[PDB]
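Student: Input: one structure, supplied below.
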Amino acid sequence: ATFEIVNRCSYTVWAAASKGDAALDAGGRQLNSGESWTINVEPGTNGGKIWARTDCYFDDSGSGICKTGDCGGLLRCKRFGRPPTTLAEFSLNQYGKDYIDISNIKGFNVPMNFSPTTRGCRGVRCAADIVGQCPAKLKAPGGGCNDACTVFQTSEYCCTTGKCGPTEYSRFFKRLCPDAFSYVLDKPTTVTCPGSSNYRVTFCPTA
């Protein structure tokens with residue numbers, strides 16, 4: 001499957017693609033304002049994530065730091081990034097279907113559109129100013145808006161027991177971005193697409 005990753009933001013982001021224990025394609029790249037990065041994702045990939053990282057410094061070896069979404073200091077991510085990270089999430093060719101969502105479960109750093117480029121399903125978007133409106137307790141100094149699980153580490157926020165409800169914090173993410181997961185047991189906003197669909201992830205899709 002082909003993912004076109006587009007930075008429409010006015011600022012540079014460092015895109016990242018991982019399935020948690022391995023890079024997808026090169027695993028990460030700098031995207032200046034307007035730049036597009038096309039990656040190939042193995043069919044059958046289960047639990048893939050794409051995210052943006054902000055305010056990175058990397059040396060010539062691809063070792064450094066990002067203020068949001070850092071994946072153990074690498075340019076080319078092998079593992080998931082540190083919150084806060086708006087997440088494009090996908091499972092491909094699962095019994096003939098692709099499954100896509102946007103999640104705020106690990107917080108929000110960059111607005112995002114995740115849309116198929118092929119026919120047969122709709123895209124999802126979380127493009128609200130969640131950072132500007134972020135409740136004081138969830139504001140990350142690095143930039144971005146943390147999820148309550150990351151900040152408070154409670155059974156309720158992290159849904160550790162598999163029993164949890166919506167919270168004042170989850171309802172904030174949900175009010176601004178209804179088409180994104182706000183907590184672990186949120187009513188699924190997953191979109192079902194044809195197996196072997198292709199997709200575009202757009203950072204800052206509106207502004």
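Letters for chains follow the order of the structure tokens (A, B, ...), residue numbers begin at 1 for each chain, and ligand numbers begin at 1 in the order shown.
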Using only C-alpha atoms, which protein or nucleic acid residues come within 7 Å of residue 83 of chain A? Drop anything in the same chain fewer than 5 positions from it, and give the result as a list in words.
Tutor: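 Once the adjacent positions are removed, what remains is residues 68, 69, 106, 107 and 146 of chain A.
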Student: At a cut-off of 8 Å, using only C-alpha atoms, what residues contact segment 135-140 of chain A? Leave out same-chain residues fewer than 5 positions from it and give the result as an MDAnalysis selection string.
Tutor: chainID A and resid 84 145:148 151 169
Student: Save out the residues we just selected, N, CA, C and O atoms, as a CSV table (one decimal), in the first residue's frame.
Tutor:
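Dumped everything to out_33.csv:
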chain,number,residue,atom,x,y,z
A,84,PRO,N,2.9,14.2,23.5
A,84,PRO,CA,1.7,14.1,22.7
A,84,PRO,C,1.9,14.0,21.2
A,84,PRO,O,2.7,14.6,20.6
A,145,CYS,N,-0.9,18.9,23.4
A,145,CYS,CA,-1.9,18.7,24.4
A,145,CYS,C,-1.9,17.2,24.8
A,145,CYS,O,-2.2,16.4,23.9
A,146,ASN,N,-1.4,16.9,26.0
A,146,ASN,CA,-1.3,15.5,26.4
A,146,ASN,C,-2.7,14.9,26.7
A,146,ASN,O,-3.6,15.7,27.0
A,147,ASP,N,-2.8,13.6,26.5
A,147,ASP,CA,-3.9,12.9,27.1
A,147,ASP,C,-3.8,12.8,28.6
A,147,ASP,O,-2.7,12.9,29.1
A,148,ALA,N,-4.9,12.5,29.2
A,148,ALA,CA,-5.0,12.4,30.7
A,148,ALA,C,-4.2,11.2,31.2
A,148,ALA,O,-3.8,11.2,32.4
A,151,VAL,N,-0.6,12.1,31.5
A,151,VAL,CA,-0.3,13.1,32.6
A,151,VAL,C,-0.5,12.4,33.9
A,151,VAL,O,0.3,12.7,34.8
A,169,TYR,N,-11.5,15.2,30.6
A,169,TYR,CA,-10.4,15.3,29.7
A,169,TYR,C,-10.7,14.7,28.4
A,169,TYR,O,-10.5,15.3,27.3
Student: According to DSSP computed on the backbone, where in segment 5-202 of chain A is there strand (DSSP E or B)? Give the residues as a PDB file with N, CA and C atoms, in the first residue's frame.
Tutor:
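Final output, states32.pdb:
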ATOM      1  N   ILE A   5       2.476  11.189   2.419  1.00  0.00           N
ATOM      2  CA  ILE A   5       2.491  11.993   3.662  1.00  0.00           C
ATOM      3  C   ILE A   5       2.847  13.423   3.260  1.00  0.00           C
ATOM      4  N   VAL A   6       1.913  14.333   3.488  1.00  0.00           N
ATOM      5  CA  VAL A   6       2.006  15.741   3.048  1.00  0.00           C
ATOM      6  C   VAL A   6       2.018  16.643   4.286  1.00  0.00           C
ATOM      7  N   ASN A   7       3.034  17.492   4.372  1.00  0.00           N
ATOM      8  CA  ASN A   7       3.117  18.584   5.372  1.00  0.00           C
ATOM      9  C   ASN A   7       2.555  19.870   4.756  1.00  0.00           C
ATOM     10  N   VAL A  13       7.901  19.546   9.832  1.00  0.00           N
ATOM     11  CA  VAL A  13       7.652  18.420  10.763  1.00  0.00           C
ATOM     12  C   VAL A  13       8.563  17.284  10.349  1.00  0.00           C
ATOM     13  N   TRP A  14       8.785  16.399  11.291  1.00  0.00           N
ATOM     14  CA  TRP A  14       9.499  15.166  10.995  1.00  0.00           C
ATOM     15  C   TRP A  14       8.482  14.049  11.067  1.00  0.00           C
ATOM     16  N   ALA A  15       8.020  13.585   9.910  1.00  0.00           N
ATOM     17  CA  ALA A  15       7.054  12.475   9.834  1.00  0.00           C
ATOM     18  C   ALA A  15       7.734  11.211  10.366  1.00  0.00           C
ATOM     19  N   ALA A  16       6.931  10.290  10.885  1.00  0.00           N
ATOM     20  CA  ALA A  16       7.376   9.018  11.487  1.00  0.00           C
ATOM     21  C   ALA A  16       6.339   7.973  11.118  1.00  0.00           C
ATOM     22  N   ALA A  17       6.789   6.772  10.792  1.00  0.00           N
ATOM     23  CA  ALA A  17       5.942   5.610  10.448  1.00  0.00           C
ATOM     24  C   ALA A  17       6.588   4.374  11.073  1.00  0.00           C
ATOM     25  N   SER A  18       5.832   3.677  11.906  1.00  0.00           N
ATOM     26  CA  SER A  18       6.301   2.504  12.667  1.00  0.00           C
ATOM     27  C   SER A  18       5.120   1.558  12.865  1.00  0.00           C
ATOM     28  N   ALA A  23      10.397   0.035  11.843  1.00  0.00           N
ATOM     29  CA  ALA A  23      10.073   1.150  10.935  1.00  0.00           C
ATOM     30  C   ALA A  23       9.100   0.621   9.884  1.00  0.00           C
ATOM     31  N   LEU A  24       8.227   1.485   9.381  1.00  0.00           N
ATOM     32  CA  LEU A  24       7.564   1.305   8.078  1.00  0.00           C
ATOM     33  C   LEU A  24       8.326   2.140   7.074  1.00  0.00           C
ATOM     34  N   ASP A  25       8.754   1.503   5.993  1.00  0.00           N
ATOM     35  CA  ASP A  25       9.612   2.132   4.974  1.00  0.00           C
ATOM     36  C   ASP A  25      10.829   2.657   5.726  1.00  0.00           C
ATOM     37  N   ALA A  26      11.289   3.850   5.413  1.00  0.00           N
ATOM     38  CA  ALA A  26      12.492   4.433   6.048  1.00  0.00           C
ATOM     39  C   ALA A  26      12.210   4.799   7.519  1.00  0.00           C
ATOM     40  N   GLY A  27      10.948   4.903   7.941  1.00  0.00           N
ATOM     41  CA  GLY A  27      10.604   5.115   9.360  1.00  0.00           C
ATOM     42  C   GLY A  27      10.512   6.579   9.741  1.00  0.00           C
ATOM     43  N   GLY A  28      11.191   7.467   9.037  1.00  0.00           N
ATOM     44  CA  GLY A  28      11.029   8.892   9.300  1.00  0.00           C
ATOM     45  C   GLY A  28      11.757   9.770   8.328  1.00  0.00           C
ATOM     46  N   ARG A  29      11.310  11.015   8.237  1.00  0.00           N
ATOM     47  CA  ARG A  29      11.911  11.972   7.299  1.00  0.00           C
ATOM     48  C   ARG A  29      11.497  13.372   7.686  1.00  0.00           C
ATOM     49  N   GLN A  30      12.368  14.329   7.416  1.00  0.00           N
ATOM     50  CA  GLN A  30      12.039  15.765   7.483  1.00  0.00           C
ATOM     51  C   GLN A  30      11.056  16.082   6.351  1.00  0.00           C
ATOM     52  N   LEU A  31      10.016  16.829   6.670  1.00  0.00           N
ATOM     53  CA  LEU A  31       9.071  17.422   5.703  1.00  0.00           C
ATOM     54  C   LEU A  31       9.038  18.939   5.947  1.00  0.00           C
ATOM     55  N   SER A  36       6.055  16.457   0.329  1.00  0.00           N
ATOM     56  CA  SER A  36       5.323  15.174   0.228  1.00  0.00           C
ATOM     57  C   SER A  36       6.359  14.055   0.282  1.00  0.00           C
ATOM     58  N   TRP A  37       6.049  13.030   1.057  1.00  0.00           N
ATOM     59  CA  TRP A  37       6.894  11.835   1.219  1.00  0.00           C
ATOM     60  C   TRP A  37       6.010  10.628   0.926  1.00  0.00           C
ATOM     61  N   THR A  38       6.365   9.826  -0.059  1.00  0.00           N
ATOM     62  CA  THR A  38       5.572   8.635  -0.444  1.00  0.00           C
ATOM     63  C   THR A  38       6.246   7.412   0.178  1.00  0.00           C
ATOM     64  N   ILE A  39       5.521   6.633   0.965  1.00  0.00           N
ATOM     65  CA  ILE A  39       6.113   5.414   1.561  1.00  0.00           C
ATOM     66  C   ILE A  39       5.306   4.211   1.089  1.00  0.00           C
ATOM     67  N   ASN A  40       5.958   3.059   1.083  1.00  0.00           N
ATOM     68  CA  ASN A  40       5.307   1.761   0.775  1.00  0.00           C
ATOM     69  C   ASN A  40       5.173   0.996   2.085  1.00  0.00           C
ATOM     70  N   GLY A  48      -0.125  -0.277  12.376  1.00  0.00           N
ATOM     71  CA  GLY A  48       0.737   0.779  11.845  1.00  0.00           C
ATOM     72  C   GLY A  48       0.297   2.140  12.363  1.00  0.00           C
ATOM     73  N   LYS A  49       1.258   3.027  12.606  1.00  0.00           N
ATOM     74  CA  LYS A  49       0.972   4.414  13.001  1.00  0.00           C
ATOM     75  C   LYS A  49       1.861   5.352  12.204  1.00  0.00           C
ATOM     76  N   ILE A  50       1.252   6.467  11.816  1.00  0.00           N
ATOM     77  CA  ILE A  50       1.974   7.648  11.262  1.00  0.00           C
ATOM     78  C   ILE A  50       1.676   8.822  12.169  1.00  0.00           C
ATOM     79  N   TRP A  51       2.711   9.596  12.451  1.00  0.00           N
ATOM     80  CA  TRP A  51       2.610  10.830  13.268  1.00  0.00           C
ATOM     81  C   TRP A  51       3.677  11.822  12.829  1.00  0.00           C
ATOM     82  N   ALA A  52       3.467  13.056  13.249  1.00  0.00           N
ATOM     83  CA  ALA A  52       4.404  14.160  13.062  1.00  0.00           C
ATOM     84  C   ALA A  52       5.122  14.387  14.370  1.00  0.00           C
ATOM     85  N   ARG A  53       6.365  14.821  14.241  1.00  0.00           N
ATOM     86  CA  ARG A  53       7.197  15.270  15.369  1.00  0.00           C
ATOM     87  C   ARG A  53       7.528  16.722  15.097  1.00  0.00           C
ATOM     88  N   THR A  54       7.595  17.516  16.154  1.00  0.00           N
ATOM     89  CA  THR A  54       7.886  18.965  16.056  1.00  0.00           C
ATOM     90  C   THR A  54       9.216  19.257  16.746  1.00  0.00           C
ATOM     91  N   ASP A  55       9.926  20.263  16.253  1.00  0.00           N
ATOM     92  CA  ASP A  55      11.113  20.874  16.907  1.00  0.00           C
ATOM     93  C   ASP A  55      12.144  19.788  17.174  1.00  0.00           C
ATOM     94  N   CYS A  56      12.622  19.161  16.112  1.00  0.00           N
ATOM     95  CA  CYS A  56      13.658  18.108  16.172  1.00  0.00           C
ATOM     96  C   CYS A  56      15.003  18.739  15.840  1.00  0.00           C
ATOM     97  N   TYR A  57      16.054  18.226  16.464  1.00  0.00           N
ATOM     98  CA  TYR A  57      17.471  18.425  16.087  1.00  0.00           C
ATOM     99  C   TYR A  57      18.052  17.029  15.975  1.00  0.00           C
ATOM    100  N   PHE A  58      18.577  16.730  14.793  1.00  0.00           N
ATOM    101  CA  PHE A  58      19.293  15.485  14.467  1.00  0.00           C
ATOM    102  C   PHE A  58      20.695  15.836  13.995  1.00  0.00           C
ATOM    103  N   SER A  63      20.620  10.914  14.887  1.00  0.00           N
ATOM    104  CA  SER A  63      20.404  10.851  16.352  1.00  0.00           C
ATOM    105  C   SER A  63      20.120  12.250  16.872  1.00  0.00           C
ATOM    106  N   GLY A  64      19.098  12.392  17.710  1.00  0.00           N
ATOM    107  CA  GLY A  64      18.743  13.724  18.201  1.00  0.00           C
ATOM    108  C   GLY A  64      17.591  13.692  19.167  1.00  0.00           C
ATOM    109  N   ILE A  65      16.748  14.710  19.094  1.00  0.00           N
ATOM    110  CA  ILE A  65      15.598  14.867  20.012  1.00  0.00           C
ATOM    111  C   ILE A  65      14.498  15.651  19.291  1.00  0.00           C
ATOM    112  N   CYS A  66      13.250  15.351  19.621  1.00  0.00           N
ATOM    113  CA  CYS A  66      12.077  16.142  19.180  1.00  0.00           C
ATOM    114  C   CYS A  66      11.273  16.496  20.423  1.00  0.00           C
ATOM    115  N   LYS A  67      10.615  17.644  20.395  1.00  0.00           N
ATOM    116  CA  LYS A  67       9.816  18.161  21.529  1.00  0.00           C
ATOM    117  C   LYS A  67       8.487  17.395  21.591  1.00  0.00           C
ATOM    118  N   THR A  68       7.987  16.876  20.467  1.00  0.00           N
ATOM    119  CA  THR A  68       6.774  16.005  20.443  1.00  0.00           C
ATOM    120  C   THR A  68       7.078  14.788  19.584  1.00  0.00           C
ATOM    121  N   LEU A  74      15.750   8.879  17.467  1.00  0.00           N
ATOM    122  CA  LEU A  74      16.104   8.561  16.058  1.00  0.00           C
ATOM    123  C   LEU A  74      15.270   9.389  15.068  1.00  0.00           C
ATOM    124  N   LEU A  87      -2.378  10.637  16.086  1.00  0.00           N
ATOM    125  CA  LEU A  87      -2.007   9.347  15.458  1.00  0.00           C
ATOM    126  C   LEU A  87      -2.944   9.018  14.311  1.00  0.00           C
ATOM    127  N   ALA A  88      -2.372   8.769  13.128  1.00  0.00           N
ATOM    128  CA  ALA A  88      -3.002   8.015  12.025  1.00  0.00           C
ATOM    129  C   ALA A  88      -2.723   6.530  12.273  1.00  0.00           C
ATOM    130  N   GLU A  89      -3.765   5.726  12.414  1.00  0.00           N
ATOM    131  CA  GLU A  89      -3.610   4.301  12.788  1.00  0.00           C
ATOM    132  C   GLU A  89      -4.260   3.464  11.707  1.00  0.00           C
ATOM    133  N   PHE A  90      -3.613   2.361  11.349  1.00  0.00           N
ATOM    134  CA  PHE A  90      -4.095   1.500  10.254  1.00  0.00           C
ATOM    135  C   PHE A  90      -3.679   0.058  10.493  1.00  0.00           C
ATOM    136  N   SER A  91      -4.599  -0.800  10.086  1.00  0.00           N
ATOM    137  CA  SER A  91      -4.393  -2.253   9.930  1.00  0.00           C
ATOM    138  C   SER A  91      -4.830  -2.631   8.515  1.00  0.00           C
ATOM    139  N   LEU A  92      -3.930  -3.216   7.728  1.00  0.00           N
ATOM    140  CA  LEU A  92      -4.167  -3.450   6.281  1.00  0.00           C
ATOM    141  C   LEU A  92      -4.467  -4.929   6.018  1.00  0.00           C
ATOM    142  N   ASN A  93      -5.362  -5.200   5.059  1.00  0.00           N
ATOM    143  CA  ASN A  93      -5.605  -6.569   4.527  1.00  0.00           C
ATOM    144  C   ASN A  93      -5.959  -7.491   5.700  1.00  0.00           C
ATOM    145  N   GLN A  94      -6.876  -7.045   6.548  1.00  0.00           N
ATOM    146  CA  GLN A  94      -7.375  -7.869   7.687  1.00  0.00           C
ATOM    147  C   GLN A  94      -8.675  -8.500   7.204  1.00  0.00           C
ATOM    148  N   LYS A  97     -10.128  -6.427   4.330  1.00  0.00           N
ATOM    149  CA  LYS A  97     -10.505  -5.024   4.660  1.00  0.00           C
ATOM    150  C   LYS A  97      -9.288  -4.288   5.245  1.00  0.00           C
ATOM    151  N   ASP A  98      -9.234  -2.982   5.009  1.00  0.00           N
ATOM    152  CA  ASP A  98      -8.300  -2.036   5.674  1.00  0.00           C
ATOM    153  C   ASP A  98      -9.102  -1.308   6.752  1.00  0.00           C
ATOM    154  N   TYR A  99      -8.465  -1.033   7.892  1.00  0.00           N
ATOM    155  CA  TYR A  99      -9.082  -0.304   9.021  1.00  0.00           C
ATOM    156  C   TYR A  99      -8.237   0.918   9.341  1.00  0.00           C
ATOM    157  N   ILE A 100      -8.848   2.107   9.271  1.00  0.00           N
ATOM    158  CA  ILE A 100      -8.130   3.400   9.521  1.00  0.00           C
ATOM    159  C   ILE A 100      -8.849   4.219  10.592  1.00  0.00           C
ATOM    160  N   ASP A 101      -8.067   4.911  11.399  1.00  0.00           N
ATOM    161  CA  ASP A 101      -8.634   5.874  12.366  1.00  0.00           C
ATOM    162  C   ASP A 101      -7.609   6.952  12.655  1.00  0.00           C
ATOM    163  N   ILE A 102      -8.107   8.025  13.235  1.00  0.00           N
ATOM    164  CA  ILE A 102      -7.271   9.020  13.931  1.00  0.00           C
ATOM    165  C   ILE A 102      -7.557   8.845  15.416  1.00  0.00           C
ATOM    166  N   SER A 103      -6.509   8.909  16.233  1.00  0.00           N
ATOM    167  CA  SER A 103      -6.618   8.762  17.699  1.00  0.00           C
ATOM    168  C   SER A 103      -5.991   9.964  18.383  1.00  0.00           C
ATOM    169  N   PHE A 108      -2.421  15.145  21.335  1.00  0.00           N
ATOM    170  CA  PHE A 108      -2.530  15.879  20.052  1.00  0.00           C
ATOM    171  C   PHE A 108      -1.332  16.805  19.957  1.00  0.00           C
ATOM    172  N   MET A 112      -4.541  16.902  11.518  1.00  0.00           N
ATOM    173  CA  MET A 112      -4.275  15.793  10.583  1.00  0.00           C
ATOM    174  C   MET A 112      -5.550  15.397   9.865  1.00  0.00           C
ATOM    175  N   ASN A 113      -5.377  15.078   8.590  1.00  0.00           N
ATOM    176  CA  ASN A 113      -6.364  14.413   7.720  1.00  0.00           C
ATOM    177  C   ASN A 113      -5.749  13.076   7.306  1.00  0.00           C
ATOM    178  N   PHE A 114      -6.541  12.024   7.378  1.00  0.00           N
ATOM    179  CA  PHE A 114      -6.175  10.666   6.957  1.00  0.00           C
ATOM    180  C   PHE A 114      -7.286  10.179   6.011  1.00  0.00           C
ATOM    181  N   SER A 115      -7.015  10.198   4.711  1.00  0.00           N
ATOM    182  CA  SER A 115      -8.009   9.961   3.629  1.00  0.00           C
ATOM    183  C   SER A 115      -7.473   8.906   2.677  1.00  0.00           C
ATOM    184  N   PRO A 116      -8.359   8.039   2.136  1.00  0.00           N
ATOM    185  CA  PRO A 116      -7.964   7.100   1.093  1.00  0.00           C
ATOM    186  C   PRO A 116      -7.714   7.937  -0.164  1.00  0.00           C
ATOM    187  N   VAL A 124     -10.947  10.578   7.562  1.00  0.00           N
ATOM    188  CA  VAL A 124     -11.214  11.137   8.909  1.00  0.00           C
ATOM    189  C   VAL A 124     -10.246  12.303   9.123  1.00  0.00           C
ATOM    190  N   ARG A 125     -10.651  13.225   9.978  1.00  0.00           N
ATOM    191  CA  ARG A 125      -9.909  14.474  10.163  1.00  0.00           C
ATOM    192  C   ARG A 125     -10.028  14.848  11.641  1.00  0.00           C
ATOM    193  N   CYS A 126      -8.945  15.339  12.198  1.00  0.00           N
ATOM    194  CA  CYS A 126      -8.974  16.116  13.447  1.00  0.00           C
ATOM    195  C   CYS A 126      -8.135  17.356  13.189  1.00  0.00           C
ATOM    196  N   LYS A 139      -1.574  20.700  29.022  1.00  0.00           N
ATOM    197  CA  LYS A 139      -0.609  21.424  28.163  1.00  0.00           C
ATOM    198  C   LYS A 139       0.781  20.828  28.350  1.00  0.00           C
ATOM    199  N   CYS A 145      -0.920  18.935  23.366  1.00  0.00           N
ATOM    200  CA  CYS A 145      -1.909  18.724  24.428  1.00  0.00           C
ATOM    201  C   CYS A 145      -1.868  17.243  24.802  1.00  0.00           C
ATOM    202  N   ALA A 180     -12.206  11.321  16.015  1.00  0.00           N
ATOM    203  CA  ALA A 180     -10.985  10.697  16.564  1.00  0.00           C
ATOM    204  C   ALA A 180     -11.308  10.011  17.895  1.00  0.00           C
ATOM    205  N   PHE A 181     -10.639   8.896  18.159  1.00  0.00           N
ATOM    206  CA  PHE A 181     -10.637   8.225  19.483  1.00  0.00           C
ATOM    207  C   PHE A 181     -10.154   9.204  20.548  1.00  0.00           C
ATOM    208  N   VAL A 191     -12.729   3.594  10.342  1.00  0.00           N
ATOM    209  CA  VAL A 191     -13.329   3.531   8.988  1.00  0.00           C
ATOM    210  C   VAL A 191     -12.866   2.247   8.307  1.00  0.00           C
ATOM    211  N   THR A 192     -13.815   1.545   7.687  1.00  0.00           N
ATOM    212  CA  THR A 192     -13.546   0.292   6.936  1.00  0.00           C
ATOM    213  C   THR A 192     -13.335   0.672   5.471  1.00  0.00           C
ATOM    214  N   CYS A 193     -12.177   0.332   4.928  1.00  0.00           N
ATOM    215  CA  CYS A 193     -11.877   0.548   3.496  1.00  0.00           C
ATOM    216  C   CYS A 193     -11.612  -0.785   2.808  1.00  0.00           C
ATOM    217  N   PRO A 194     -11.763  -0.852   1.470  1.00  0.00           N
ATOM    218  CA  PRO A 194     -11.322  -2.020   0.717  1.00  0.00           C
ATOM    219  C   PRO A 194      -9.884  -2.394   1.076  1.00  0.00           C
ATOM    220  N   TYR A 199      -3.576   5.726   0.540  1.00  0.00           N
ATOM    221  CA  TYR A 199      -3.983   6.769   1.500  1.00  0.00           C
ATOM    222  C   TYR A 199      -3.019   7.939   1.409  1.00  0.00           C
ATOM    223  N   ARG A 200      -3.520   9.046   1.926  1.00  0.00           N
ATOM    224  CA  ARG A 200      -2.784  10.306   2.119  1.00  0.00           C
ATOM    225  C   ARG A 200      -3.013  10.746   3.559  1.00  0.00           C
ATOM    226  N   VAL A 201      -1.921  11.040   4.233  1.00  0.00           N
ATOM    227  CA  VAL A 201      -1.936  11.715   5.553  1.00  0.00           C
ATOM    228  C   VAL A 201      -1.456  13.142   5.326  1.00  0.00           C
ATOM    229  N   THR A 202      -2.306  14.098   5.645  1.00  0.00           N
ATOM    230  CA  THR A 202      -2.029  15.542   5.476  1.00  0.00           C
ATOM    231  C   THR A 202      -1.917  16.152   6.872  1.00  0.00           C
TER     232      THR A 202
END
Student: Run DSSP on the backbone and tell me which residues of segment 3-205 of chain A come out as alpha helix (DSSP H); list them as a PyMOL selection string.
Tutor: chain A and resi 130-133+148-152+155-158+168-176
Student: So the first atom is atom CA of residue 22 of chain A and the second is atom CA of residue 121 of chain A; what is the distance between them in Å, to one decimal place?
Tutor: 27.8 Å
Student: Which is closer to residue 111 of chain A than all the others in A:171, A:144, A:185, A:134, using only C-alpha atoms?
Tutor: A:144
